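Written out below as structure tokens is the structure these notes cover.
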Amino acid sequence: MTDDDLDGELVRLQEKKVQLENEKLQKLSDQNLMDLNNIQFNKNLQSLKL
Amino acid sequence: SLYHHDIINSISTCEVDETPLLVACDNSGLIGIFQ
Amino acid sequence: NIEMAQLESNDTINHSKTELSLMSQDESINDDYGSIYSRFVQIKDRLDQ
Amino acid sequence: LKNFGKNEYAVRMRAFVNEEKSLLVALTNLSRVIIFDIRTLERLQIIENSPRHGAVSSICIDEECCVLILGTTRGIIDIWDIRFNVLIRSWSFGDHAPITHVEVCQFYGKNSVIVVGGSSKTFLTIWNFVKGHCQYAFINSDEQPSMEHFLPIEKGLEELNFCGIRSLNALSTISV
Amino acid sequence: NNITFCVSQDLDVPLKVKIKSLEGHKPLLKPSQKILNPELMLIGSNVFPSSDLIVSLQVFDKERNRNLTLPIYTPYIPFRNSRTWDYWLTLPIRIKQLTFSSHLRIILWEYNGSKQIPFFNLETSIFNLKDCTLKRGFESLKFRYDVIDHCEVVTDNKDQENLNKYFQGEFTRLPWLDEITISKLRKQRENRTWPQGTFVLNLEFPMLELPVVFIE
């Protein structure tokens with residue numbers, strides 16, 4: 001009977017671990033956007049240099 | 001170095017049906033053509 | 001338990017790597033220099049104009 | 001394009017008309033591939049590049065137009081088959097920097113693709129898709145590059161941290 | 001193989017079905033045997049037999065609740081290997097003979113214990129509402145004790161794999177990358193679900209051509 005609660009806690013742990021994935025995606029989106037913006041800023045800076 | 005132009009943001013190749021040529025648009029909002 | 005510790009370690013690794021790799025603070029220098037260069041350009045170019 | 005609901009701006013757009021049928025394809029603000037049917041002005045399908053690749057570094061269409069060729073801001077090259085609606089392959093090479101542009105050359109055929117990006121010194125890297133190697137690499141330099149460095153990068157993973165270049169020689173335009 | 005639309009009397013011979021995969025419930029030994037548990041003193045009390053899942057196929061007629069087709073059953077390998085067969089089987093009723101009104105049915109008979117072997121039940125439709133028999137194509141199903149059926153999502157993806165068999169416009173490099181799509185269909189094994197009182201099975205019956213059906 002003691003195994004059951006452990007199983008349930010394992011499931012809750014699975015969901016809690018399943019949230020961090022979407023969290024991580026939402027995170028990395030900002031990194032990608034930062035990369036693109038960095039590229040644009042680089043090009044713009046080159047143009048300013050011209 | 002007489003020619004003065006900014007970086008080229010866009011370029012396109014074309015044919016005039018007589019002689020071929022290229023067009024270009026820079027980052028300064030200027031366009032030019034070379035045949 | 002090793003999986004829970006691996007979860008905490010995963011969140012820790014993700015946050016630490018994300019904070020260390022790009023803090024976005026490095027772009028502020030190039031932004032300031034770019035702004036100053038923009039002022040110098042907007043001044044000198046119009047003046048020469 | 002504001003009807004997506006997330007209010008995304010169109011990044012790059014490439015349209016094509018086959019004697020069979022005509023359509024268009026575009027990249028979202030989140031760099032998501034969306035092919036809208038030119039006939040019905042409606043969305044046929046929606047493809048999304050993995051977030052591990054950063055953003056979309058370019059846009060190109062296959063000769064049969066059943067496949068999409070897209071670069072990555074992470075400095076990776078990704079060709080995907082729209083037929084089975086999946087990602088065919090993911091490639092990388094050189095200094096592993098951002099890819100300027102990607103396109104399918106004429107004389108090189110559909111079996112080879114031309115991609116500007118990757119290694120710094122290399123101006124344009126042309127690699128044959130099936131061959132998995134770069135046939136012709138045009139580079140600006142006074143010396144020949146390294147063979148081990150020019151070799152195709154595969155085993156590498158998403159763990160790579162993005163390293164670009166802020167130099168004025170980076171951004172450019174090309175038409176072939 | 002070629003796809004084409006061919007009506008009942010126009011179509012010639014009898015149907016056949018290849019059957020392959022399933023979905024492990026994980027509630028018992030992987031063969032769905034005995035309902036394993038630490039409480040097994042009760043399993044001795046309940047006299048729970050270890051059942052090795054096998055299958056049987058016969059068609060419910062027309063939804064007129066008559067009986068037409070033949071029950072048929074195959075041999076036994078591990079159902080703890082999840083019994084992946086892709087094994088073909090058939091019966092003696094042609095497509096010309098086949099009434100557009102007709103329905104498939106299946107009963108999974110395991111092998112359990114003394115005078116004991118299990119029984120599970122399912123049913124489905126033969127042809128399309130578009131008259132194409134299962135679109136002469138691959139599919140996947142789900143069934144409970146009663147009043148349950150099949151859907152298409154990942155089975156819709158598998159149905160697109162059947163659209164590869166259904167001859168959408170295709171090329172030779174696309175075929176090599178369809179070997180790479182053998183690698184992709186290999187990657188499709190990642191599927192996961194944990195329902196109960198119901199189960200899933202992967203069953204492909206892709207033919208060459210799209211049937212059609214009518215009266216004689």
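Numbering starts fresh at 1 for the residues of each chain in the structure tokens, the chains themselves are lettered A, B, ... in the order given, and ligands are numbered from 1 as they appear.
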> Which polymer residues have any atom within 12 Å of an atom of residue 189 in chain E, counting only C-alpha atoms, with same-chain residues fewer than 6 positions away left out, as a VMD selection string?
Replying inline: chain E and resid 21 to 23 154 158 182 to 183 202
>> Excluding range 32-38 of chain A and its own-chain neighbours fewer than 5 positions away, which residues fall within 10 Å of it when counting only C-alpha atoms? Please give them as JSON, numbers by chain.
In response: {"A": [27, 43, 44], "C": [22, 24, 27], "D": [29, 30, 31, 51, 52, 53, 54, 55, 56, 57, 72, 73, 74, 98, 162, 163, 164, 165, 166]}
Please save N, CA and C atoms of the selected residues as a PDB file, in the first residue's frame.
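Output (again-v4.pdb):
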ATOM      1  N   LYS A  27      11.515  30.702 -22.577  1.00  0.00           N
ATOM      2  CA  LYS A  27      12.828  31.264 -22.281  1.00  0.00           C
ATOM      3  C   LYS A  27      13.655  31.469 -23.550  1.00  0.00           C
ATOM      4  N   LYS A  43      24.282  45.015 -38.625  1.00  0.00           N
ATOM      5  CA  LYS A  43      24.114  45.550 -39.972  1.00  0.00           C
ATOM      6  C   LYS A  43      23.903  47.062 -39.938  1.00  0.00           C
ATOM      7  N   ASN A  44      23.016  47.507 -39.052  1.00  0.00           N
ATOM      8  CA  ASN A  44      22.739  48.929 -38.894  1.00  0.00           C
ATOM      9  C   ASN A  44      23.992  49.709 -38.503  1.00  0.00           C
TER      10      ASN A  44
ATOM     11  N   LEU C  22      24.376  34.762 -22.210  1.00  0.00           N
ATOM     12  CA  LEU C  22      23.961  36.098 -22.617  1.00  0.00           C
ATOM     13  C   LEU C  22      23.154  36.792 -21.524  1.00  0.00           C
ATOM     14  N   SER C  24      22.634  40.043 -21.963  1.00  0.00           N
ATOM     15  CA  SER C  24      22.152  41.164 -22.777  1.00  0.00           C
ATOM     16  C   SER C  24      22.808  42.495 -22.397  1.00  0.00           C
ATOM     17  N   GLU C  27      25.455  44.268 -24.948  1.00  0.00           N
ATOM     18  CA  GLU C  27      24.941  45.030 -26.081  1.00  0.00           C
ATOM     19  C   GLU C  27      24.775  46.509 -25.743  1.00  0.00           C
TER      20      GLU C  27
ATOM     21  N   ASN D  29       7.172  35.858 -37.262  1.00  0.00           N
ATOM     22  CA  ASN D  29       8.024  36.663 -36.393  1.00  0.00           C
ATOM     23  C   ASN D  29       8.807  35.785 -35.428  1.00  0.00           C
ATOM     24  N   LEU D  30       8.247  34.618 -35.132  1.00  0.00           N
ATOM     25  CA  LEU D  30       8.904  33.627 -34.291  1.00  0.00           C
ATOM     26  C   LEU D  30       9.678  32.654 -35.170  1.00  0.00           C
ATOM     27  N   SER D  31       9.876  33.053 -36.425  1.00  0.00           N
ATOM     28  CA  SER D  31      10.472  32.209 -37.456  1.00  0.00           C
ATOM     29  C   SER D  31       9.799  30.852 -37.624  1.00  0.00           C
ATOM     30  N   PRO D  51      13.392  25.272 -31.541  1.00  0.00           N
ATOM     31  CA  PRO D  51      13.908  26.431 -30.805  1.00  0.00           C
ATOM     32  C   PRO D  51      15.402  26.320 -30.517  1.00  0.00           C
ATOM     33  N   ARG D  52      15.937  25.108 -30.620  1.00  0.00           N
ATOM     34  CA  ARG D  52      17.359  24.868 -30.416  1.00  0.00           C
ATOM     35  C   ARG D  52      18.185  25.429 -31.571  1.00  0.00           C
ATOM     36  N   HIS D  53      17.511  25.742 -32.672  1.00  0.00           N
ATOM     37  CA  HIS D  53      18.166  26.295 -33.852  1.00  0.00           C
ATOM     38  C   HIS D  53      18.131  27.823 -33.856  1.00  0.00           C
ATOM     39  N   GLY D  54      17.622  28.411 -32.778  1.00  0.00           N
ATOM     40  CA  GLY D  54      17.443  29.851 -32.721  1.00  0.00           C
ATOM     41  C   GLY D  54      16.351  30.305 -33.669  1.00  0.00           C
ATOM     42  N   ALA D  55      16.688  31.216 -34.576  1.00  0.00           N
ATOM     43  CA  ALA D  55      15.719  31.713 -35.548  1.00  0.00           C
ATOM     44  C   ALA D  55      16.081  31.279 -36.967  1.00  0.00           C
ATOM     45  N   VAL D  56      15.244  31.652 -37.931  1.00  0.00           N
ATOM     46  CA  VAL D  56      15.456  31.272 -39.324  1.00  0.00           C
ATOM     47  C   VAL D  56      16.453  32.203 -40.004  1.00  0.00           C
ATOM     48  N   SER D  57      17.544  31.632 -40.505  1.00  0.00           N
ATOM     49  CA  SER D  57      18.614  32.427 -41.097  1.00  0.00           C
ATOM     50  C   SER D  57      18.390  32.718 -42.579  1.00  0.00           C
ATOM     51  N   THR D  72      19.691  28.529 -39.985  1.00  0.00           N
ATOM     52  CA  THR D  72      19.428  28.768 -38.571  1.00  0.00           C
ATOM     53  C   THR D  72      20.310  29.875 -38.004  1.00  0.00           C
ATOM     54  N   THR D  73      19.744  30.666 -37.098  1.00  0.00           N
ATOM     55  CA  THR D  73      20.493  31.721 -36.427  1.00  0.00           C
ATOM     56  C   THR D  73      21.532  31.114 -35.493  1.00  0.00           C
ATOM     57  N   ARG D  74      21.320  29.851 -35.137  1.00  0.00           N
ATOM     58  CA  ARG D  74      22.272  29.100 -34.331  1.00  0.00           C
ATOM     59  C   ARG D  74      23.480  28.690 -35.168  1.00  0.00           C
ATOM     60  N   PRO D  98      26.457  32.203 -37.685  1.00  0.00           N
ATOM     61  CA  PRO D  98      25.167  32.405 -38.356  1.00  0.00           C
ATOM     62  C   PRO D  98      25.259  32.318 -39.878  1.00  0.00           C
ATOM     63  N   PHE D 162      25.863  30.433 -29.349  1.00  0.00           N
ATOM     64  CA  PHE D 162      25.934  31.217 -30.578  1.00  0.00           C
ATOM     65  C   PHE D 162      27.049  32.257 -30.546  1.00  0.00           C
ATOM     66  N   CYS D 163      27.912  32.214 -31.555  1.00  0.00           N
ATOM     67  CA  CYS D 163      28.971  33.204 -31.705  1.00  0.00           C
ATOM     68  C   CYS D 163      28.961  33.782 -33.116  1.00  0.00           C
ATOM     69  N   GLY D 164      28.640  35.067 -33.224  1.00  0.00           N
ATOM     70  CA  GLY D 164      28.579  35.730 -34.514  1.00  0.00           C
ATOM     71  C   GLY D 164      29.724  36.697 -34.739  1.00  0.00           C
ATOM     72  N   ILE D 165      29.510  37.656 -35.632  1.00  0.00           N
ATOM     73  CA  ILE D 165      30.507  38.679 -35.919  1.00  0.00           C
ATOM     74  C   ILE D 165      29.843  40.041 -36.103  1.00  0.00           C
ATOM     75  N   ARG D 166      30.385  41.054 -35.436  1.00  0.00           N
ATOM     76  CA  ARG D 166      29.827  42.400 -35.503  1.00  0.00           C
ATOM     77  C   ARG D 166      30.516  43.246 -36.569  1.00  0.00           C
TER      78      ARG D 166
END
>> With 12 Å as the limit and counting only C-alpha atoms, what residues in chain E lie close to chain A? Please list them as number ranges by chain.
In response: E: 37-39
Residues from the last selection, C-alpha atoms, saved as a PDB file, in the first residue's frame:
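Output file selection-v5.pdb is given in full below:
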ATOM      1  CA  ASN E  37       0.460  -6.983  -8.209  1.00  0.00           C
ATOM      2  CA  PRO E  38       2.179  -7.239  -4.734  1.00  0.00           C
ATOM      3  CA  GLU E  39      -1.272  -8.117  -3.375  1.00  0.00           C
TER       4      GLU E  39
END
>> Taking 6 positions as the minimum chain separation for residues in the same chain, which residues sit within 12 Å of residue 8 in chain C when counting only C-alpha atoms? Answer as a ChimeraX atom specification.
In response: /A:13,16-17,20 /C:1-2,14-16
Write a file of the just-selected residues containing N, CA, C and O atoms, as a PDB file, in the first residue's frame.
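Dumped to part.pdb:
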ATOM      1  N   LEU A  13       5.315  14.647 -10.051  1.00  0.00           N
ATOM      2  CA  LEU A  13       6.669  15.031 -10.422  1.00  0.00           C
ATOM      3  C   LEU A  13       6.828  15.061 -11.938  1.00  0.00           C
ATOM      4  O   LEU A  13       7.555  15.896 -12.477  1.00  0.00           O
ATOM      5  N   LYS A  16       5.082  18.296 -13.118  1.00  0.00           N
ATOM      6  CA  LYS A  16       5.936  19.408 -12.719  1.00  0.00           C
ATOM      7  C   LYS A  16       7.165  19.498 -13.616  1.00  0.00           C
ATOM      8  O   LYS A  16       7.641  20.590 -13.927  1.00  0.00           O
ATOM      9  N   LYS A  17       7.670  18.342 -14.035  1.00  0.00           N
ATOM     10  CA  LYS A  17       8.799  18.291 -14.953  1.00  0.00           C
ATOM     11  C   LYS A  17       8.349  18.601 -16.374  1.00  0.00           C
ATOM     12  O   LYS A  17       9.158  18.972 -17.223  1.00  0.00           O
ATOM     13  N   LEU A  20       8.383  22.635 -17.059  1.00  0.00           N
ATOM     14  CA  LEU A  20       9.684  23.254 -17.278  1.00  0.00           C
ATOM     15  C   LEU A  20      10.112  23.232 -18.744  1.00  0.00           C
ATOM     16  O   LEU A  20      10.977  24.003 -19.149  1.00  0.00           O
TER      17      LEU A  20
ATOM     18  N   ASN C   1      14.424   9.737  -6.491  1.00  0.00           N
ATOM     19  CA  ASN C   1      15.105  10.812  -5.785  1.00  0.00           C
ATOM     20  C   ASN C   1      16.218  11.392  -6.649  1.00  0.00           C
ATOM     21  O   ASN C   1      16.413  12.607  -6.699  1.00  0.00           O
ATOM     22  N   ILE C   2      16.935  10.508  -7.337  1.00  0.00           N
ATOM     23  CA  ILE C   2      17.983  10.924  -8.258  1.00  0.00           C
ATOM     24  C   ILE C   2      17.388  11.718  -9.411  1.00  0.00           C
ATOM     25  O   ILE C   2      18.048  12.579  -9.986  1.00  0.00           O
ATOM     26  N   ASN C  14      20.135  25.029 -16.582  1.00  0.00           N
ATOM     27  CA  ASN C  14      19.475  25.867 -17.576  1.00  0.00           C
ATOM     28  C   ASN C  14      19.563  27.348 -17.227  1.00  0.00           C
ATOM     29  O   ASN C  14      19.964  28.167 -18.057  1.00  0.00           O
ATOM     30  N   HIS C  15      19.193  27.685 -15.995  1.00  0.00           N
ATOM     31  CA  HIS C  15      19.208  29.075 -15.549  1.00  0.00           C
ATOM     32  C   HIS C  15      20.623  29.647 -15.517  1.00  0.00           C
ATOM     33  O   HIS C  15      20.851  30.783 -15.942  1.00  0.00           O
ATOM     34  N   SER C  16      21.571  28.858 -15.019  1.00  0.00           N
ATOM     35  CA  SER C  16      22.961  29.295 -14.927  1.00  0.00           C
ATOM     36  C   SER C  16      23.570  29.511 -16.309  1.00  0.00           C
ATOM     37  O   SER C  16      24.255  30.507 -16.543  1.00  0.00           O
TER      38      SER C  16
END
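Within 9 Å of chain B, and counting only C-alpha atoms, chain D contributes residues 171, 172, 173, 174, 175 and 176 of chain D.
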Put those residues in a file: N, CA, C and O atoms, as a PDB file, in the first residue's frame.
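Output contents, as saved in selection_36.pdb:
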ATOM      1  N   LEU D 171      27.199  41.495 -43.018  1.00  0.00           N
ATOM      2  CA  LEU D 171      25.969  41.647 -43.788  1.00  0.00           C
ATOM      3  C   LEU D 171      26.249  41.953 -45.256  1.00  0.00           C
ATOM      4  O   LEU D 171      27.071  42.813 -45.575  1.00  0.00           O
ATOM      5  N   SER D 172      25.560  41.245 -46.145  1.00  0.00           N
ATOM      6  CA  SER D 172      25.718  41.446 -47.581  1.00  0.00           C
ATOM      7  C   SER D 172      24.506  40.928 -48.350  1.00  0.00           C
ATOM      8  O   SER D 172      23.561  40.406 -47.757  1.00  0.00           O
ATOM      9  N   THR D 173      24.539  41.074 -49.670  1.00  0.00           N
ATOM     10  CA  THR D 173      23.457  40.598 -50.524  1.00  0.00           C
ATOM     11  C   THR D 173      24.011  39.830 -51.719  1.00  0.00           C
ATOM     12  O   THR D 173      25.088  40.149 -52.224  1.00  0.00           O
ATOM     13  N   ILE D 174      23.273  38.819 -52.166  1.00  0.00           N
ATOM     14  CA  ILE D 174      23.716  37.990 -53.283  1.00  0.00           C
ATOM     15  C   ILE D 174      22.553  37.516 -54.151  1.00  0.00           C
ATOM     16  O   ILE D 174      21.483  37.177 -53.647  1.00  0.00           O
ATOM     17  N   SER D 175      22.778  37.494 -55.462  1.00  0.00           N
ATOM     18  CA  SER D 175      21.782  37.017 -56.414  1.00  0.00           C
ATOM     19  C   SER D 175      22.448  36.165 -57.488  1.00  0.00           C
ATOM     20  O   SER D 175      23.425  36.586 -58.106  1.00  0.00           O
ATOM     21  N   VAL D 176      21.918  34.967 -57.710  1.00  0.00           N
ATOM     22  CA  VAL D 176      22.531  34.026 -58.641  1.00  0.00           C
ATOM     23  C   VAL D 176      21.541  33.493 -59.670  1.00  0.00           C
ATOM     24  O   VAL D 176      20.463  33.013 -59.321  1.00  0.00           O
TER      25      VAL D 176
END
>> Can you pull out the residues contacting residue 28 in chain C? Cut-off 12 Å, using only C-alpha atoms, and skip same-chain residues under 5 positions away; I want them as an MDAnalysis selection string.
In response: (chainID A and resid 38 41) or (chainID C and resid 23 33:35)
> Could you pull the residues within 10 Å of residue 8 in chain D, counting only C-alpha atoms, minus those fewer than 3 positions along the same chain, as a ChimeraX atom specification?
Replying inline: /D:1-5,11,27-32
Keeping N, CA, C and O atoms, export the residues of the selection given above as an mmCIF file, in the first residue's frame.
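Dumped everything to result09.cif:
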data_model
loop_
_atom_site.group_PDB
_atom_site.id
_atom_site.type_symbol
_atom_site.label_atom_id
_atom_site.label_comp_id
_atom_site.auth_asym_id
_atom_site.auth_seq_id
_atom_site.Cartn_x
_atom_site.Cartn_y
_atom_site.Cartn_z
ATOM 1 N N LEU D 1 -1.922 38.972 -41.663
ATOM 2 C CA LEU D 1 -1.072 38.063 -40.903
ATOM 3 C C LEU D 1 -1.290 38.277 -39.410
ATOM 4 O O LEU D 1 -0.807 37.504 -38.582
ATOM 5 N N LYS D 2 -2.026 39.332 -39.075
ATOM 6 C CA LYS D 2 -2.386 39.621 -37.693
ATOM 7 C C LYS D 2 -3.511 38.703 -37.226
ATOM 8 O O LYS D 2 -3.880 38.703 -36.053
ATOM 9 N N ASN D 3 -4.048 37.917 -38.155
ATOM 10 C CA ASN D 3 -5.141 37.003 -37.853
ATOM 11 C C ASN D 3 -4.639 35.703 -37.231
ATOM 12 O O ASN D 3 -5.429 34.825 -36.884
ATOM 13 N N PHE D 4 -3.323 35.585 -37.098
ATOM 14 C CA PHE D 4 -2.724 34.439 -36.426
ATOM 15 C C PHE D 4 -3.111 34.439 -34.951
ATOM 16 O O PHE D 4 -3.202 33.385 -34.321
ATOM 17 N N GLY D 5 -3.338 35.632 -34.409
ATOM 18 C CA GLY D 5 -3.784 35.789 -33.036
ATOM 19 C C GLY D 5 -2.674 36.180 -32.080
ATOM 20 O O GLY D 5 -2.929 36.743 -31.016
ATOM 21 N N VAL D 11 8.480 37.673 -41.665
ATOM 22 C CA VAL D 11 9.923 37.854 -41.780
ATOM 23 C C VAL D 11 10.367 37.849 -43.239
ATOM 24 O O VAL D 11 10.738 38.886 -43.789
ATOM 25 N N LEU D 27 7.839 33.131 -43.466
ATOM 26 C CA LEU D 27 8.360 32.891 -42.125
ATOM 27 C C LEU D 27 7.780 33.893 -41.133
ATOM 28 O O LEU D 27 7.772 35.097 -41.387
ATOM 29 N N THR D 28 7.298 33.391 -40.000
ATOM 30 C CA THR D 28 6.662 34.238 -38.995
ATOM 31 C C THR D 28 7.676 35.057 -38.197
ATOM 32 O O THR D 28 8.883 34.963 -38.423
ATOM 33 N N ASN D 29 7.172 35.858 -37.262
ATOM 34 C CA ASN D 29 8.024 36.663 -36.393
ATOM 35 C C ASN D 29 8.807 35.785 -35.428
ATOM 36 O O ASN D 29 9.887 36.152 -34.966
ATOM 37 N N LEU D 30 8.247 34.618 -35.132
ATOM 38 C CA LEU D 30 8.904 33.627 -34.291
ATOM 39 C C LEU D 30 9.678 32.654 -35.170
ATOM 40 O O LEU D 30 10.070 31.574 -34.724
ATOM 41 N N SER D 31 9.876 33.053 -36.425
ATOM 42 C CA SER D 31 10.472 32.209 -37.456
ATOM 43 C C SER D 31 9.799 30.852 -37.624
ATOM 44 O O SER D 31 10.431 29.805 -37.482
ATOM 45 N N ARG D 32 8.505 30.889 -37.927
ATOM 46 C CA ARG D 32 7.726 29.684 -38.182
ATOM 47 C C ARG D 32 7.282 29.594 -39.637
ATOM 48 O O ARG D 32 6.726 30.546 -40.185
#
